[PDB]
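Take a look at this one chain, the form deposited in one PDB entry, written out in structure tokens.
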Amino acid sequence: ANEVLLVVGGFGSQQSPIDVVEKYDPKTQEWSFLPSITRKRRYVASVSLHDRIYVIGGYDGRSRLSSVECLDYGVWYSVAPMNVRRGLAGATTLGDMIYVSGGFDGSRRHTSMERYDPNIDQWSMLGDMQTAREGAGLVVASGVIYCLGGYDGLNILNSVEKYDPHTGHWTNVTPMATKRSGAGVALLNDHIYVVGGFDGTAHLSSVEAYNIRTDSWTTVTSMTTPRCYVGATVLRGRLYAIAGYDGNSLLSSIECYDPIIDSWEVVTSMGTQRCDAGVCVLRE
């Protein structure tokens, strides 16, 4: 109810990382600027936690970053950095903490995951995944974290790993039908949706959804356009695919998937053009 979409950083039309922060209101369909981040960051991830926006790692065009900055939803300020420089990492929240896994530090793709406690402003290293992954999102469903696809430095991946906080271990679940890197991922009505990405040859408009109860993937109606390094978030029971790269140009549009009609609609074409930005939801 009155949630909005937030999009930060990424790769802009001047072919460099940017600092632009925008919010989109699906109801009014209006965009607006927020205060710019301090360091320009592409390949960056964002989460929201208790009316706080976090912008995590990324890449300034020179080095991969472990630094993190925060905005109270306003002025941006620096908090404790991660232990690993990470571009194109997955990021999510679970029980008042941030989890970040995988990524690329300019030399190695990571298996590692670490966790942020806002109560003490510290990042703690957790268990490694089985496969090193850049370009893989994180998604939480019912207390458990899923890391989907990505790229290990040699192959685009269709494998999916599951982290159980009760065991502290990663295990495997049934893989996606398509190898995907740079896809957007979100939970919608207890299904994990994976939109777009890159399969090694083509930039994808295809979409798959994972039924967690039955451990099975099924094909979903494709998006209006291919989108790689695209963000995905759910608002009011609908799935949004934000900006990205269609294989030719940067995109400024957001399209919205509605299960009632089982189709994708463009809901705006007026954002800044960008890809590998970070996205999250704000409760106003």
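A residue's number is simply how far along the shown sequence it sits, counting from 1. For clarity, a rigid core is taken as the largest C-alpha set superposing within 1.5 Å between two forms.
Visitor: Pick one of none, 1 to 3, 4 to 9 or 10 or more for the number of deposited-sequence residues not modelled between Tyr73 and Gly74.
Guide: According to the record, 4 to 9 deposited residues lack coordinates from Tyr73 to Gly74.
Visitor: Where do the C-alpha atoms have the higher mean temperature factor in this entry, in 235-243 or in 22-30?
Guide: If you average the C-alpha B-factors of 235-243 and of 22-30, the larger mean comes out for 22-30.
Visitor: Averaged over C-alpha atoms, is the B-factor higher for 273-281 or for 1-9 in this PDB entry?
Guide: It is 1-9.
Visitor: Using the temperature factors in the entry, find which of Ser142, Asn83, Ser101, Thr178 has the highest value at its Cα atom.
Guide: In this record, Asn83 carries the highest C-alpha B-factor of the candidates.
Visitor: In terms of recorded Cα temperature factor, pick the maximum from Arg115, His191, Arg108, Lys162.
Guide: Max CA B-factor in the entry, restricted to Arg115, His191, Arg108, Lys162: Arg108.
Visitor: Please rank the C-alpha B-factors of the chain's modelled residues and tell me whether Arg133 sits in the lowest, middle or highest third.
Guide: It belongs to the lowest third of the chain when residues are ordered by C-alpha B-factor.
Visitor: Comparing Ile37 with the other modelled residues of its chain, is its CA B-factor in the lowest, middle or highest third?
Guide: For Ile37, whose C-alpha B-factor we compare with every modelled residue in the chain, the answer is the middle third.
Visitor: Looking at the temperature factor on the CA atom of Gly153, which third of the chain's modelled residues does it land in?
Guide: Tercile = highest for this residue's CA B-factor.
Visitor: Looking at the C-alpha B-factor of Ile120, is it in the lowest, middle or highest third of its chain?
Guide: Its C-alpha B-factor belongs to the highest third of this chain's values.
Visitor: Which third, lowest, middle or highest, does the C-alpha temperature factor of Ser66 belong to within its own chain?
Guide: It belongs to the middle third of the chain when residues are ordered by C-alpha B-factor.
We do not show the form deposited in another entry, though everything after this point is about it.
Visitor: Which residue, chosen from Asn189, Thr171, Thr201, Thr167, moves its CA by 2 Å or more between this form and the one not shown under a rigid core superposition?
Guide: The listed residue whose C-alpha shifts by at least 2 Å is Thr167.
Visitor: Would the C-alpha of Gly271 be classed as shifted by 2 Å or more between this form and the one not shown after rigid-core alignment?
Guide: The answer is yes; the displacement is at least 2 Å.
Visitor: Closer or farther: the C-alpha atoms of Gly271 and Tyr240 in that other deposited form, versus the form shown, with a change of 3 angstroms or more?
Guide: Those two alpha carbons end up farther apart in that other deposited form.
Visitor: With a change of at least 3 Å, which way does the C-alpha separation between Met270 and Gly58 go in that other deposited form: closer or farther?
Guide: Their C-alpha distance shrinks by at least 3 Å in that other deposited form.
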